[PDB]
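Enquirer: here goes the first bit of my complex:
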Amino acid sequence: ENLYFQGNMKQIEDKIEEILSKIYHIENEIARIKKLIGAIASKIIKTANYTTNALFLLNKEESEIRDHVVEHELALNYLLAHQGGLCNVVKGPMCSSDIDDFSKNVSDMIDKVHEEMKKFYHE
């Protein structure tokens, strides 16, 4: 007689207890997702930093090497002054055309990566 309020309230209480179980699972899941995202952000910063260091050193050495090759070419055109220069002695499809200096443009790409990482410290 009353039983049709006891048993039905019973099924309510057991089911509410499941909802708290499901909520519990979910919470632990979310705290772990946040953990993993933090750890991913961290790997990104460190890799960007390692990579950019490597680019900085490649760039600086490239610029030094270029300055040396520029001077070598001069001192070869001088030693070949009798024989029309390199443009005339080694004979390529273009041969004598200048060497691009991309040190500033690469430094600017390093700057942009560094700017992007500063961003990770605010989000």
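Expert: Cool, got the structure. Residues are numbered from 1 along each chain as shown, chains lettered A, B, ... in the order given.
Enquirer: CA atoms for contacts and neighbours, from now on please.
Expert: Noted.
Enquirer: can you tell me, leaving aside adjacent residues, what's nearest to the residue positioned nearest the centre of chain A?
Expert: By Cα atoms, centre = their mean, chain A has its centre lying nearest to residue A:48, at 4.1 Å. Distance criterion Cα to Cα, 6 or more residues apart in numbering; nearest residue to residue A:48, sequence neighbours excluded, is residue A:113 at 7.2 Å.
Enquirer: does that neighbour really touch residue A:52, like I thought?
Expert: Yes - when contacts are counted by Cα atoms under 8 Å, residue A:113 is listed as touching residue A:52 (7.5 Å).
Enquirer: which of those two has more residues huddled nearby?
Expert: Neighbour count, other Cα atoms under 10 Å: between residue A:113 and residue A:52, residue A:52 has more, with 19 against 16.
Enquirer: put chain B onto that model:
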Amino acid sequence: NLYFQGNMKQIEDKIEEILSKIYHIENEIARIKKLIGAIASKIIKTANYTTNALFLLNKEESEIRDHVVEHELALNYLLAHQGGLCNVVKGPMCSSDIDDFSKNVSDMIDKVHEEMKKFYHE
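Expert: Putting chain B onto the chains we already have gives this:
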């Protein structure tokens, strides 16, 4: 009688606690999606600057290489009587050629670019 009404109060209270928990959850999911997208965007932007830097190092390296190889020929000429370069400088591997990896590096840049294309499909 009051056992029924009182237990109904308890249940309604638990629903109130549950629905507020679910809300904070939904707020946490919204903050997480914001972060994952912001992260994706930094990866793409970073990777772009990076391969742009790689492109320009590789291009100039290959140009530098072209001139050095010509410079060796021009020097080997100017030193022919004394056995070219690899007799007047003396080294355990003087004559070892200079690798030209410019196409392998371009292939890598293509691969980074192809990986970043796939971000626009999620």
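Enquirer: the top helix by length along chain A: what's the following helix or strand?
Expert: The longest helix of chain A (DSSP state H) is helix A:3-79. Next along the chain after helix A:3-79, taking DSSP states H and E as the criterion, comes helix A:86-89.
Enquirer: buried stuff in the following helix or strand past that following helix?
Expert: For helix A:86-89, the succeeding helix or strand toward the C-terminus, using DSSP H and E, is helix A:103-119. Neighbour-count burial for helix A:103-119 flags A:103, A:106-107, A:109-110, A:112-114, A:116-117 (criterion: 16 or more other Cα atoms under 10 Å in any protein chain shown).
Enquirer: and those residues as TSV, adding distance to residue A:21?
Expert: Shown next, in TSV, are the buried residues of helix A:103-119 (distance: Cα to Cα, whole Å):
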residue	distance to residue A:21
A:103	59
A:106	54
A:107	54
A:109	50
A:110	49
A:112	47
A:113	44
A:114	45
A:116	41
A:117	40
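Enquirer: put this one in as chain C:
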Amino acid sequence: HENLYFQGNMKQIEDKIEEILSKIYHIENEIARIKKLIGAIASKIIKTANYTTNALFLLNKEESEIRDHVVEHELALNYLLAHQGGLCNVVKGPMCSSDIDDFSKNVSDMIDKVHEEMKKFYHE
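Expert: With chain C now in place:
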């Protein structure tokens, strides 16, 4: 009177418990799509770092060889222009015949360190 002030309530309690089980179901779906998405981001980081380090590795190796050959040439051009004061007197530079930095080991160091970060993705 007496009988509805129980039944009506229980039905709205049930119907709310219905919507809760629903909102939960939808949350669990969003969580699964977030987890997959993090998984693809991590894979895209590992792959992109791998290609970038391979490019660095090749740029570095060839840069080293070039530098070795430029050093040779510097000595050769100092032998040829010697009676005229070497290369530093003839070329005229505020530094001119400066030494060339050799950062190959420092670059390889950075390569190692990236491989090291990427290793840890296999350990989580």
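Enquirer: re the thing from before, how about the longest helix of chain A and chain B, touching?
Expert: Yes - judged by Cα under 8 Å from any Cα of the partner chain, helix A:3-79 and chain B are in contact via A:5, A:13, A:16, A:19-20, A:23, A:27, A:30, A:34, A:37, A:41, A:44, A:48, A:52, A:55, A:58-59, A:62, A:66, A:69, A:72-73, A:76.
Enquirer: list the contacts for residue A:40?
Expert: Contact analysis of residue A:40 by Cα atoms under 8 Å, 6 or more residues apart in numbering or on different chains lists residue C:42.
Enquirer: same check on residue A:79?
Expert: Residue A:79 touches residue A:85, counting by Cα under 8 Å, 6+ apart.
Enquirer: cool, and the one 10 residues further on?
Expert: With Cα under 8 Å, 6+ apart as the criterion, the residues that contact residue A:89 are A:80, A:83, B:74.
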